[PDB]
Amino acid sequence: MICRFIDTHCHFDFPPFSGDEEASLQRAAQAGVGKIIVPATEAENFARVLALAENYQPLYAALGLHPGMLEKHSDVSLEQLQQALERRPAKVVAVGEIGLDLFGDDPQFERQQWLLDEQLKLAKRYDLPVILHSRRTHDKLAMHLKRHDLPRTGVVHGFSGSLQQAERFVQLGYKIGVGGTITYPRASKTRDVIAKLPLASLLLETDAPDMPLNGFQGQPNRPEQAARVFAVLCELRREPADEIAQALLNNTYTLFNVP
Ligand SMILES: [Zn+2]
Ligand SMILES: [Zn+2]
Ligand SMILES: [Zn+2]
Ligand SMILES: [Zn+2]
């Protein structure tokens, strides 16, 4: 098939893609990346992410407030998210890019958690899965997911961590986003985790332009690199490549309803 991969997490509204959407989508397509899910980071970017999803067939969107942009989120940002969701753009498939991140001298962790729960409530209200960011916060994030029990669950994107942390998310019904992290065998033991998880729990992604793959550092990551992440995933798994490719597509469809 021409569309063999779905990058479930690409910040396509940021540079180098902004203003170069046509060429970027063709580079993605020729690599077999046929659809891309674009999660927002803050209310000020909702319009441009919605415009991408409405104007380009391959792009789908998620709206939400990223923990990395905590300083920009106000009660007005949350009201904007709710009103946007109420109008249901349609190619909007998740409440996303929400989560926790303990990086920094003062991550304002309590406020991050309150903000995450406000958005988890919206995902429940509008019956949508969530696209989650978690950096050094897997245990805490799992504690909140277990408590709030979202019927549509979601994906913990760009996962890097222990087998127990991954399995706990999978046991709560969440998927695991597989990106550039698996191309660095000496950076963590995430490759061993991904090699062991059930195939139905995996989604493919890049988190482009961030998370450059091994051997491509120093320049922006791009969605076509999902094809390369896939090649590495095949080296880790026992299943044949065609079975893995089909599973990632089916998993993505089951979670988001993106063909
Ligand atoms: Zn083909
Ligand atoms: Zn993230
Ligand atoms: Zn909570
Ligand atoms: Zn992201």
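Note that ligands are numbered from 1 as they come in the structure, with each ligand's atoms numbered from 1 the same way. Counting begins at 1 with the first residue of the sequence.
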Checklist entry - Just by distance, do the side chain of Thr190 and the backbone of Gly161 share a donor-acceptor pair under 3.5 Å? => result yes
Checklist entry - Do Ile37 and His9 have side-chain heavy atoms sitting under 4.5 Å apart? => result no
Checklist entry - What about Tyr60 and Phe256, are their ring centers closer than 6.0 Å? => result no
Checklist entry - Say you draw a straight line from CG of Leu202 to CD1 of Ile176; how long is it, rounded to the nearest 0.5 Å? => result 8.0 Å
Checklist entry - Leaving waters out, which protein N, O or S atoms fall under 2.8 Å from the Zn ion (ligand 2)? => result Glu97 OE2, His133 ND1, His157 NE2
Checklist entry - Do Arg222 and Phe216 meet the cation-pi criteria used here (NZ or CZ under 6.0 Å from the six-membered ring centre, within 45° of the axis)? => result no
Checklist entry - Which pairs pass ring pair (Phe, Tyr, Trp, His ring centres under 6.0 Å) with one or both residues in residues 166-215, sequence neighbours excluded? => result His138-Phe169
